[PDB]
Amino acid sequence: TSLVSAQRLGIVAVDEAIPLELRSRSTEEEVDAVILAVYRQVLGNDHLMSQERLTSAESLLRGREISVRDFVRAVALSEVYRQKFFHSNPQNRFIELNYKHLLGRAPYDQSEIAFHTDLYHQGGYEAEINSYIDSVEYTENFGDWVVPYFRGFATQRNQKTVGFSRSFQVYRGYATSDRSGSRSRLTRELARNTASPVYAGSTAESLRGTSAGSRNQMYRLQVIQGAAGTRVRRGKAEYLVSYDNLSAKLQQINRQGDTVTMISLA
Amino acid sequence: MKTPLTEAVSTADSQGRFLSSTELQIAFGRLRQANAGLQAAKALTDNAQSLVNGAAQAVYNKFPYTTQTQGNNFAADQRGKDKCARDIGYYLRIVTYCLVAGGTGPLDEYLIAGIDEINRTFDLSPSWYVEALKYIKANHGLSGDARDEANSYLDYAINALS
Amino acid sequence: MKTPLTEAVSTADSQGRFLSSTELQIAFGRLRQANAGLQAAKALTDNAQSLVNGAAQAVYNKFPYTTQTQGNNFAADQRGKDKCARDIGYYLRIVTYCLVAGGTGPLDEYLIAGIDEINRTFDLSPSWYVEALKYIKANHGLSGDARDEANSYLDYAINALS
Amino acid sequence: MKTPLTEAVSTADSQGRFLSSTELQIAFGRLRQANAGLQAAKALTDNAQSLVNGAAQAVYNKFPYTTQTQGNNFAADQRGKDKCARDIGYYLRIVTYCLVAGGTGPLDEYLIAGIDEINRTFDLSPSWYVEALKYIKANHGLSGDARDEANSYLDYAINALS
Amino acid sequence: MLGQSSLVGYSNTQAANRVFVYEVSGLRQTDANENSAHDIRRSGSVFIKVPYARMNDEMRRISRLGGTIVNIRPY
Amino acid sequence: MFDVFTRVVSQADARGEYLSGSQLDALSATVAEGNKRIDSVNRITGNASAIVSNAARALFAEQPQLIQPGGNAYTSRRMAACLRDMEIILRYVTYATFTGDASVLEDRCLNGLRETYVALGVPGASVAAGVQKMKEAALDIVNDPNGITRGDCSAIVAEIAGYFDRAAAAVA
Amino acid sequence: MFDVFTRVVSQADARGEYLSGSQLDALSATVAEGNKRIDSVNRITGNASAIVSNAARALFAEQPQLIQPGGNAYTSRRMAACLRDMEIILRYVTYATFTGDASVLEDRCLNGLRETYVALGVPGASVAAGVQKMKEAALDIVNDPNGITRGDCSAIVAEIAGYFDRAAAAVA
Amino acid sequence: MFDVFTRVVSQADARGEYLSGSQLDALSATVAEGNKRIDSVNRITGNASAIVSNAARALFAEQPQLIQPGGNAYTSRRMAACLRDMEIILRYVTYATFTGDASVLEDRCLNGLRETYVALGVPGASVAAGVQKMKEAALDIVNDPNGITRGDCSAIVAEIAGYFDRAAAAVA
Amino acid sequence: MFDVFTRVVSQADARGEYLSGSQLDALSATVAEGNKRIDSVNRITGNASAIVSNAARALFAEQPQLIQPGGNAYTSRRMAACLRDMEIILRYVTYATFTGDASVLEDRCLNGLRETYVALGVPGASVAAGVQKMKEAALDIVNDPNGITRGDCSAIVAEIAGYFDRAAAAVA
Ligand SMILES: *[C@@H](C)[C@H]1/C(=C/c2[nH]c(/C=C3N=C(/C=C4\NC(=O)C(CC)=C4C)C(C)=C\3CCC(=O)O)c(CCC(=O)O)c2C)NC(=O)[C@@H]1C
Ligand SMILES: *[C@@H](C)[C@H]1/C(=C/c2[nH]c(/C=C3N=C(/C=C4\NC(=O)C(CC)=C4C)C(C)=C\3CCC(=O)O)c(CCC(=O)O)c2C)NC(=O)[C@@H]1C
Ligand SMILES: *[C@@H](C)[C@H]1/C(=C/c2[nH]c(/C=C3N=C(/C=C4\NC(=O)C(CC)=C4C)C(C)=C\3CCC(=O)O)c(CCC(=O)O)c2C)NC(=O)[C@@H]1C
Ligand SMILES: *[C@H](C)[C@H]1/C(=C/c2[nH]c(/C=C3N=C(/C=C4\NC(=O)C(CC)=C4C)C(C)=C\3CCC(=O)O)c(CCC(=O)O)c2C)NC(=O)[C@@H]1C
Ligand SMILES: *[C@H](C)[C@H]1/C(=C/c2[nH]c(/C=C3N=C(/C=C4\NC(=O)C(CC)=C4C)C(C)=C\3CCC(=O)O)c(CCC(=O)O)c2C)NC(=O)[C@@H]1C
Ligand SMILES: *[C@H](C)[C@H]1/C(=C/c2[nH]c(/C=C3N=C(/C=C4\NC(=O)C(CC)=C4C)C(C)=C\3CCC(=O)O)c(CCC(=O)O)c2C)NC(=O)[C@@H]1C
Ligand SMILES: *[C@H](C)[C@H]1/C(=C/c2[nH]c(/C=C3N=C(/C=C4\NC(=O)C(CC)=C4C)C(C)=C\3CCC(=O)O)c(CCC(=O)O)c2C)NC(=O)[C@@H]1C
Ligand SMILES: *[C@H](C)[C@H]1/C(=C/c2[nH]c(/C=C3N=C(/C=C4\NC(=O)C(CC)=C4C)C(C)=C\3CCC(=O)O)c(CCC(=O)O)c2C)NC(=O)[C@@H]1C
Ligand SMILES: *[C@H](C)[C@H]1/C(=C/c2[nH]c(/C=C3N=C(/C=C4\NC(=O)C(CC)=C4C)C(C)=C\3CCC(=O)O)c(CCC(=O)O)c2C)NC(=O)[C@@H]1C
Ligand SMILES: *[C@H](C)[C@H]1/C(=C/c2[nH]c(/C=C3N=C(/C=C4\NC(=O)C(CC)=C4C)C(C)=C\3CCC(=O)O)c(CCC(=O)O)c2C)NC(=O)[C@@H]1C
Ligand SMILES: *[C@H](C)[C@H]1/C(=C/c2[nH]c(/C=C3N=C(/C=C4\NC(=O)C(CC)=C4C)C(C)=C\3CCC(=O)O)c(CCC(=O)O)c2C)NC(=O)[C@@H]1C
């Protein structure tokens, strides 16, 4: 996005990122950069140990035996990708990680969760992974030679608006990674076809003045509430409380049976 | 983790399939190896302190310069000797973990992954640890299956370091 | 085909790794199972004709309408009976292949992959073949590991069918 | 959900373009088909009960073993007959939905997607439902564009089951 | 000519353990790839190594993009 | 998405019953105004550029702080994005008019747009004012009597205005 | 995931300690129990389709609102997803039985299942009833005495029952 | 991200005004300071490995709980990840020094870092201590008078210290 | 991929016949040699780095033109590639020994290697000589009677020699 929203949302680096294309007759440093970019983006910005590198796959990329898309497929199908994204993750978290790593976006619909779940159940992890890489979306966005990059913060054709908001649920910052078993943040949002407020970068913080407590810290409690007291006017509720009253807010939320969806520092 | 049971279930889950006779044979091989691996782990554990000290002394003998020249990466002082003994104890303890688990998974997750950056950043020669592993392999006093499995883990570490 | 040795090699090749003790244990399990598998395959192929004839008769008795009503997918005429006996022989032969190989790989390669759209395309109910495989389970006379491995493959075929 | 209007908008939105004259002609064709579809659906609804009972009877006649063989998947008791009549009613009602919608979308969303898994796990023969659909084709008494569109949906279901 | 090790995947099947070389010509700007973020660099003979299990997809892609499959060679 | 027919179909299937006579006659009534629906879609499409540009000009004239430097419509990137958002909203309104149901507009365009605009800092009230201007123009265009067969398009005009209202309520 | 061995290994590494004698003897006792564990895994696997189909049939018999139109198991795709969920739970129960540890079952299947169900409206209590039906069906299959070497499988049966209870509790 | 020039450019563009005379003279003063800024970047880069290794050694000596088994710097993978974090923080501090602006730190290096450390269980206070050690070592290296033209580099040293302190406060 | 069992399975399935008694007896004889095969695989794996490094050093001792500047092994990247290739060939030879069939080595490493090396300007003769040196080191290591049960390993050594021959003839 433009700078004025970019600094607020903490997505400046994504906006200024330039797609990396492996051209013909590329030098050694260009193949090195492509391999590094693929490892960074497909493995979700983990510190990749040299013992986890795909030496044969990157040799085939180096000798121009395979394309960038093929190397991306090899990294995605590799046991390293399985270990850190599949074997200890729920299926819905796993496929949103696949959407982030392979297509550079957040899931748009619950039907996309129904797809890749049935696809896994029929054809295994390999068929499920190949669905993303062989998709029309991957072809039109990246082709055979462009390293996949995150696209959820930019307006795409055939995109739902919610994706942009949901993008902030799968991209938590430039210095973040998809390393830690974890549950998807988008489960209820996808199932009920909703959107959640974006609290990313500096958007989550709120004014304090003298209303914050001793340590000048406010907390935002996003809860789902119903009538169990006073009249409830909305199903969604947001409470801004100081640290000193946080426990009290939690307990009164708890004794009314309201479910806490998110708690963040504001 | 690279252990036969976890590998078998990982392969089945990646294929989304139930456990067939292939996975059952994997479990049968694991069962055939496990008792020898466990008493090897206990033999290495009961003799761990003397093995670690002897390996440290063997490294100091083959590379005498490590005990004389000053430097944070050497064992000239007691701090360096304690660090060296601790490293060899780490090698032996995760080797026992490998024997217990029936695979190289403990070595991969706990010691092997990123060890090159470790030995390069703190300028530790991997040849020292290779010598320590060779001493452990030559002095563990095991026989048969237990010896073969323990030696496989020790040579796995040696090959990783070279 | 899916076998202990080939799966061990495939997952070791996926990581660019030599074969560690985990793959050796997988091979040991394969060695433990292999003699029973070979003797089971031999026992199954000795009376393979009798087993196939009995399975076909069991399907005909369990499903009498198959030998009576006309239709390309039914065994009312001699052509249908020959096709049916050929199908049962296919099932039994691939089961013996699975016993030799040590996994459900021959079944997946030659029979299981695409069986459902063959049965839907040619209007053959899977319940017929389920009855045939149940007869083969009940009349092979195998014991011990031979029996257990052969029954695992036959039950694998049944579960894929139903 | 394939209907002419939803598909026209889906195609235009996938190309990020406004609805041009192509989509206008799609809507015109839908308009030309809609009244015949609505009378087809109304005629099927008013005659739904006789069609379902007659289709069930035709299936029982063509496959008599369904009415004396004991089992959860058969209709030898009243519970099985009720399940059979309910399934045929589902087919007829979703066909009426397709006629209302103008495409096979109701059949794809509610009945077609996943029917193979159901027919396999509950050992239901798709030939039974094919015969029920054939009876509905032969006895819905529609003419012209109503008949043609309803027969297209019924043949779509038949081709899905075969 | 390499690639088989990484192209075939992990089906392990004999049917998937075959790769083929596609020779494609005439990859131009069509209405099908109007919104392609990347640009076509070559329209002459390009060689794509396709495993068996993806031969259905790739040629469709080729057929969707106006490319002409002139030859397919066993690897 | 859903169209006017599939919405009734899904509800009937959830209830598990055939469409009643009243629902079938209601759909017959719906296809009776099909020609005017096609005309309204075509008329908005044929003047979409004028609708977006004139509405944007009126919005920037009434709210100069948008195009003022530092405003959210200032810089050519942000301005182009604003004009694109107006065209996108108009396009999805036409989609909802064509289908006879608001599912495409809600599910694809409107859902998450308030949160998106709040996260971006795009003034939702300003977008709502722009959408209202597009509504006014597009309803004039749909109601233009020149060069068309005489008839009563009050129902389709009200339906289109309802879609434009959903858009304006959603953005703010 | 962890198996029965790697769980002890990971705890010991997080302490910097060698496996004690008692821990090695516990693992040796688990090893001597291995054949019955493999037999139970094979028996549940060999009857997996029958277990899933019979349990699903019984669940729909005692909970007719699931298959009633508008119910959560109504329409082919939902019913197929329901049968798939039952099969998935059974498969990960067999994986946990094979490894001797519940980590694979917890991480792949149960983590986030309850919230997914609640979000989607899938009745978790009904899923728990189906899991309990597969529970007793599989425990009768594992405890079947003919055609097997005789012996006491009570510990393995208790462990498998615990996995089936952990799944049941998790979905509700 | 911004450099020392584009920061005031973006501020002026939001104001919709030209850079005043005072801003242009301040930028000219920054340009006259440029050579010593390039020396500071070069000196930190040429000694980056020593800075990272010595600071890590000091941090693990002062906090042995990190490197003992079960600690967050125990095991080779975790220790190597820690060494990479140190190197990365030092590299981004050099980036900030080179550009003359801190936006590269917030945009990239500190963007979600505290969230990452909390999620993984990395002790942020220990990271801040390591960053402080790298700060003291790098400031000593920059201030070294041997082998360089003598001059006052107090302003650039204060700026580098500010970048280091901001990195430390992002995780503390 | 094929192993020793699945190979004969594939010929029998192509002929549509059950495996004869002779084939089953040959497979039983293969099973009786399985312990020796596992020992050979383990010994080569446990000495893989030594075999590759000693063979590479000997290959550069003679044929010095590889490591002179302008040679194919000159520069660090090309030396690392050469070492990598020797280790890869040895690894696939161990795979072939483990499976008892040469399919893995031919399909994944050998087929197309002579053309790749020609189109890169890699000397096939020199890498074939390196494969011969790896052969001789590995065969000496496998045929080491110390610390192993005594027996006749002539058949497995002949099979390993055949695999090494395959890779030397296919790469030259
Ligand atoms: C030629 C290869 C050399 C040789 C081999 C040889 N080995 C055995 C027997 C055994 N070797 C093993 C192997 C292992 N046990 C383990 O735990 C591990 C690690 C997983 C390994 C690799 C085993 C289990 C046996 C059987 C029991 C035993 O120790 O004897 C033999 C004996 C005959 C047989 O094949 O069983 C032989 C001949 N002998 C030589 O002289 C060659 C140098
Ligand atoms: C309110 C929307 C305005 C209005 C509409 C209106 N239109 C018709 C009739 C028709 N208009 C069409 C449309 C098209 N024919 C084409 O070929 C194209 C391009 C693809 C279009 C858009 C058609 C086919 C008809 C029917 C034949 C005819 O020309 O009349 C009517 C008459 C009633 C009807 O529903 O058909 C009306 C009312 N009229 C107004 O007064 C509003 C300004
Ligand atoms: C504080 C940072 C220390 C310091 C620095 C300082 N440097 C200069 C002058 C120069 N430094 C350079 C730098 C380079 N020349 C190269 O080719 C390279 C590699 C690309 C580098 C890094 C240059 C070009 C100059 C100018 C020539 C000269 O040597 O004078 C100064 C002098 C003032 C100036 O701005 O030029 C200073 C102050 N001085 C100290 O005392 C600190 C320890
Ligand atoms: C070392 C001083 C301390 C320490 C560090 C530690 N960090 C991690 C993991 C990660 N570190 C980062 C940070 C970055 N990645 C980037 O790309 C950027 C540049 C913008 C940064 C700042 C990330 C994202 C991770 C996530 C995991 C990954 O592998 O990348 C670990 C690993 C934790 C684990 O393995 O579970 C560690 C150990 N730990 C200490 O104890 C020191 C105080
Ligand atoms: C060493 C004995 C000889 C030698 C080797 C050498 N090889 C290359 C380059 C490549 N080697 C391969 C081969 C493979 N890669 C794999 O992944 C596998 C398994 C499927 C194999 C068999 C490939 C594909 C390449 C190209 C990619 C790459 O360079 O990594 C080189 C480098 C050539 C160059 O840089 O142009 C070298 C030096 N060279 C000698 O002189 C020895 C005789
Ligand atoms: C002994 C063979 C030689 C030797 C040892 C020595 N090692 C270090 C420092 C470290 N050793 C490690 C290794 C590990 N940490 C782990 O968690 C594991 C995996 C379980 C391993 C293998 C690490 C990470 C360090 C650095 C951090 C630390 O201080 O612990 C030193 C000190 C180096 C320094 O600069 O402080 C020494 C002296 N020295 C000899 O001379 C022997 C021949
Ligand atoms: C016997 C149990 C019942 C029966 C048999 C029957 N089968 C067919 C035809 C086919 N059978 C197959 C199956 C396979 N072919 C294979 O290659 C394998 C895997 C190795 C299998 C299992 C196929 C593909 C066909 C169709 C093509 C062909 O005819 O070969 C028929 C003929 C049906 C037709 O329409 O021609 C019949 C009669 N039918 C009964 O009534 C028995 C109870
Ligand atoms: C426990 C739930 C039931 C039970 C089990 C039981 N099994 C054994 C022993 C063996 N079972 C096997 C299993 C297999 N052999 C194969 O080839 C396969 C298929 C690939 C399988 C699953 C084996 C190898 C043994 C050992 C040899 C033997 O059969 O004796 C025992 C005996 C004790 C032991 O642990 O060995 C027992 C108790 N028995 C019951 O009564 C339960 C219903
Ligand atoms: C009638 C033609 C034959 C027959 C029927 C029969 N069907 C079942 C069971 C089920 N039928 C379905 C089908 C659907 N459910 C849906 O929601 C829809 C889509 C809207 C369809 C098409 C399903 C899912 C089942 C299983 C669950 C349930 O019982 O509802 C049975 C009973 C099988 C059982 O095991 O209970 C029977 C008997 N039987 C005949 O003999 C006829 C020839
Ligand atoms: C114009 C009337 C007002 C305005 C608009 C404005 N919008 C954005 C940015 C975005 N708009 C969207 C919306 C969509 N994208 C889609 O694909 C769809 C259809 C499904 C919609 C509705 C999104 C997601 C963005 C962000 C991503 C992107 O910009 O591509 C901007 C730019 C904000 C920035 O800082 O760059 C602007 C300016 N602004 C005003 O002031 C007007 C009131
Ligand atoms: C059947 C007994 C009950 C039932 C089931 C049902 N479940 C869903 C949907 C999902 N189930 C899962 C769970 C998993 N998928 C996986 O891949 C894994 C293993 C790793 C698990 C645990 C998920 C993720 C979904 C959502 C995606 C999908 O639709 O497949 C449904 C469908 C809900 C819907 O269509 O909206 C159903 C019907 N329903 C009942 O009524 C039974 C009590």
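Any read-out appearing in this document is the output of simple, stated calculations on the displayed coordinates, not a laboratory observation. Using ideal geometry, Cβ is built from the backbone for each residue, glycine included, and neighbour counts are taken over all protein chains shown.
What the table shows:
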{"read-out": "Hits in segment F:3-26 - residues which are in a helix (DSSP H, G or I), of a type in the set (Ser, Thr, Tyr) and more than 14 Å from chain G (Cβ to nearest Cβ)", "value": "F:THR6, F:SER22"}
{"read-out": "Which listed residue, of C:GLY37, C:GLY80, C:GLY71, C:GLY103, is in contact with a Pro (Cβ under 7 Å, 6 or more places away or on another chain) and of a type outside the set (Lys, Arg)", "value": "C:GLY103"}
{"read-out": "Segment E:1-39: number of residues that are within 25 Å of A:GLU137 (Cα to Cα) and more than 11 Å from chain I (Cβ to nearest Cβ)", "value": "20"}
{"read-out": "Hey, C:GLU149 assigned to a helix (DSSP H, G or I), crowded, with 18+ Cβ neighbours inside 10 Å and not aromatic (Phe, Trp, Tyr) or not", "value": "yes"}
{"read-out": "Search result, residues across segment F:162-171 that are buried (at least 16 other Cβ atoms within 10 Å of the Cβ), out of contact with any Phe, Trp or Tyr (no Cβ under 7 Å at 6 or more places or on another chain) and more than 13 Å from F:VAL41 (Cα to Cα)", "value": "F:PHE164, F:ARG166, F:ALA167, F:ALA168, F:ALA170"}
{"read-out": "Filter result for I:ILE67 (hydrophobic (A, V, I, L, M, F, W, C) and at the interface with another protein chain (Cβ under 10 Å from one of its Cβ atoms))", "value": "no"}
{"read-out": "Subset of segment G:98-129 that is within 17 Å of G:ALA55 (Cβ to Cβ) and within 12 Å of the chain's Cα centre (by Cα) - its residue that is nearest to ligand 9 (Cβ to nearest atom)", "value": "G:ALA128"}
{"read-out": "Failed item in (1) crowded, with 19+ Cβ neighbours inside 10 Å; (2) part of a loop (DSSP other than H, G, I, E, B); (3) among the polar types (S, T, N, Q), with A:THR139 passing the rest", "value": "(2)"}
{"read-out": "For I:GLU159: the one exception among (1) farther than 30 Å from A:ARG64 by Cβ; (2) within 14 Å of chain E (Cβ to nearest Cβ); (3) touching a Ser or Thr at 6+ places or on another chain (Cβ under 7 Å)", "value": "(2)"}
{"read-out": "Sole residue being of a type in the set (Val, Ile, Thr) and under 24 Å from I:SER10 (Cβ atoms), chosen from E:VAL70, E:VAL24, E:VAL46, E:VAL19", "value": "E:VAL19"}
{"read-out": "Residue within segment G:67-77 that is surrounded by fewer than 22 Cβ atoms within 10 Å (Cβ to Cβ), more than 18 Å from G:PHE164 (Cα to Cα) and in contact with a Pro (Cβ under 7 Å, 6 or more places away or on another chain) present", "value": "yes"}
{"read-out": "Members of segment F:131-159 found to be within 16 Å of ligand 10 (Cβ to nearest atom) and either in a loop (DSSP other than H, G, I, E, B) or not small (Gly, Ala, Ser) (or both), listed by number", "value": "F:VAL131, F:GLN132, F:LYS133, F:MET134, F:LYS135, F:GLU136"}
{"read-out": "Total residues in segment I:27-50, condition part of a helix (DSSP H, G or I) and more than 10 Å from chain B (Cβ to nearest Cβ)", "value": "13"}
{"read-out": "Residues within segment F:70-107 that are within 14 Å of chain H (Cβ to nearest Cβ) and in a loop (DSSP other than H, G, I, E, B), tallied", "value": "6"}
{"read-out": "Subset of segment A:170-188 [closer than 25 Å to F:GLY112 by Cα, surrounded by 18 or more Cβ atoms within 10 Å (Cβ to Cβ) and either away from chain H (no Cβ under 13 Å) or over 11 Å from the mean Cα position of the chain (by Cα) (or both)]", "value": "A:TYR174, A:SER184, A:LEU186, A:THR187, A:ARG188"}
{"read-out": "Out of B:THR104, B:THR121, sole residue that is over 12 Å from the mean Cα position of the chain (by Cα) and hydroxyl-bearing (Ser, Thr, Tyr)", "value": "B:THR121"}
{"read-out": "Verdict on F:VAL9 being β-branched (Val, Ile, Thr), more than 16 Å from ligand 5 (Cβ to nearest atom) and under 21 Å from D:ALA36 (Cβ atoms)", "value": "yes"}
{"read-out": "Hey, H:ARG57 within 23 Å of H:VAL131 (Cα to Cα) and within 14 Å of another protein chain (Cβ to nearest Cβ) or not", "value": "yes"}
{"read-out": "Helices (runs of 4 or more DSSP H) fully within segment A:17-116 counting 2 or more residues that are within 27 Å of E:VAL50 (Cβ to Cβ) and within 15 Å of the chain's Cα centre (by Cα)", "value": "A:28-42, A:91-98"}
{"read-out": "Leading residue by the ranking (surrounded by the fewest Cβ atoms within 10 Å (Cβ to Cβ)) among those in segment A:89-112 that are under 16 Å from A:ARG172 (Cα atoms) and within 11 Å of another protein chain (Cβ to nearest Cβ)", "value": "A:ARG93"}
{"read-out": "Filter result (surrounded by fewer than 21 Cβ atoms within 10 Å (Cβ to Cβ), more than 14 Å from chain A (Cβ to nearest Cβ) and closer than 20 Å to H:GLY71 by Cα) within segment H:116-132", "value": "H:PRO123, H:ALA125, H:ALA128, H:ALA129"}
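Yes/no matrix, rows are residues, columns are (1) farther than 29 Å from I:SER28 by Cβ; (2) among the aromatic types (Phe, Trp, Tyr):
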position	(1), (2)
C:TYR60	yes, yes
C:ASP87	yes, no
C:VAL95	no, no
C:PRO106	no, no
C:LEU133	no, no
C:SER143	no, no
